[PDB]
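This document opens with one chain alone, in structure tokens, the form deposited in one PDB entry.
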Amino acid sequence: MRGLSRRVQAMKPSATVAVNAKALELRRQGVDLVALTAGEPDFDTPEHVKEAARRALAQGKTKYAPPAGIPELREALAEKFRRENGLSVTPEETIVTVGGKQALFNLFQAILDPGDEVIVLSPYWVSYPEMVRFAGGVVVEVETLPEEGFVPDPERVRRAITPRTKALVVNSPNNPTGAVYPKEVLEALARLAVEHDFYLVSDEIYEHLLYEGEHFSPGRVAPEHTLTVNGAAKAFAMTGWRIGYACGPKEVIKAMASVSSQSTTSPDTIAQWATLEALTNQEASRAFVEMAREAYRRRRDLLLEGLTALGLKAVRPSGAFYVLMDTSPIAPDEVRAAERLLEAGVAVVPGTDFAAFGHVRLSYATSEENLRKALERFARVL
């Protein structure tokens, strides 16, 4: 017989991706709207990275790369995790994937048997629950509170652990909250994984878009229980290049490259060499990162001051480029609230699927002009 599988029938395709398409299609309709839905830098990818790509193209580096990635990138990855994060990985405990998303997807497909539980901290990124269930696992949510700055309380987390717990997913800096969890809290979560024997999956793609505090890698504390996921996407404005990377226990990494060989073979060879440049050319990349960070910081402060002045509540973010705004003043719920905003000319992502009810997610990864323009419309809505 014909027909789709149950797993695909159960799955929700990316909600953030979906709302972006809608806001983009509305502008084609000539509709004047300010989109605050983007989850990607407005800056183009730095020139040094583009040159590395042109150089690869010219050198004929267009053939298949190994499932785990070109050796050269793996060595630079080992160096980056070591130098920037304190992790003691070897190139063999490193892997390159089609974006950080495929690092996570291949991760779950490699460690989840049907029924295995995965603890997810809410508000969580739209994709965690979907990937966990597509692999057959069960999502166990542990709540994070705004009054606690959206930082996890390791005690609420311990109370959600069961004999079925296979993994715990931490994301700092956080999407959609923008929170940066303290070293102490991360060490605590890392200890729970060691004590109870399960995997800590640390999603660090926003590590460089930090404005206050410091970035701590739990993998320093629990090295054989931790899988660190990262990527070139946010740090270098390389979202469309599709290059992510991860490190951790050699056996899990080796399992992940196996899934890669039977699905995508390996990521784009040109994009791989381009990324090698972003990582090794420290002077040039550090320069881009410093420049983008200060621009985002400047946009964060601008946005937050405006919300405060309009009497809209929002926990002050310390990383990433998102803000969860309490929509109570606008409507009784995020869906109706997001509808009103769209009608006022501003597109936001409702917090429904992030489990951030009563809130809406804003992105300050656009021009100051757009931010100011959005703030005016918020005003009239109120």
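Start at 1 and count along the sequence shown; that's the residue number. Residues that one form lacks are left out of the comparison. In this text, the rigid core denotes the largest set of C-alpha atoms whose superposition between the two forms falls within 1.5 Å.
Select between 131-139 and 156-164 the stretch whose C-alpha atoms have the higher average B-factor in the entry. Higher mean C-alpha B-factor: 156-164.
Look over 372-380 and 4-12 in the entry and identify the one with the greater average Cα temperature factor. For C-alpha atoms only, the mean B-factor is higher in 372-380.
Out of 70, 31, 348, 356, which one has a C-alpha B factor higher than all the others in the entry? Of 70, 31, 348, 356, 31 has the highest C-alpha B-factor.
Highest Cα temperature factor in the entry, among the options 57, 320, 49, 26: which one is it? Of the options given, 26 has the highest CA B-factor in the PDB entry.
Chain-wide C-alpha B factor ranking for residue 298, given as lowest, middle or highest third: Top third by C-alpha B-factor.
Lowest, middle or highest third: where is residue 324 by C-alpha B factor in its chain? Middle third of the chain for residue 324's C-alpha B-factor.
Splitting the chain's C-alpha B-factors into thirds, which one does residue 83 fall into? Middle third - that is where residue 83 ends up once the chain's C-alpha B-factors are sorted.
Using the temperature factors of the C-alpha atoms in this entry, rank residue 211 within its chain: lowest, middle or highest third. As the PDB entry reports it, the C-alpha B-factor of residue 211 lands in the highest third of its chain.
Quick check for you: using the entry's CA B-factors within this chain, is residue 101 in the lowest, middle or highest third? Answer is lowest: the recorded C-alpha B-factor places it there.
One more form of this protein exists, namely the form deposited in another entry; it is left out here, but the text below deals with it.
Core-superposed comparison between this form and the one not shown - Cα displaced by 2 angstroms or more, from 57, 335, 344, 26: Residue with a C-alpha shift of 2 Å or more: 26.
Would you tell me if residue 14 moves between this form and the one not shown by 2 Å or more at its C-alpha, with the rigid core held superposed? Superposed on the core, residue 14 moves its C-alpha 2 Å or more between this form and the one not shown.
Once you account for a change of 3 Å or more, let me know if residue 209 and residue 17 sit closer or farther in that other deposited form, using their C-alpha atoms. Farther apart, by at least 3 Å.
Distance change of 3 Å or more between the C-alpha atoms of residue 22 and residue 244 in that other deposited form: closer or farther compared with this structure? Farther: residue 22 and residue 244 separate by 3 Å or more in that other deposited form.
Superposed on the rigid core, which segments of at least three residues move by 2 angstroms or more at the Cα between this form and the one not shown? Moving stretch: 12-31 alone.
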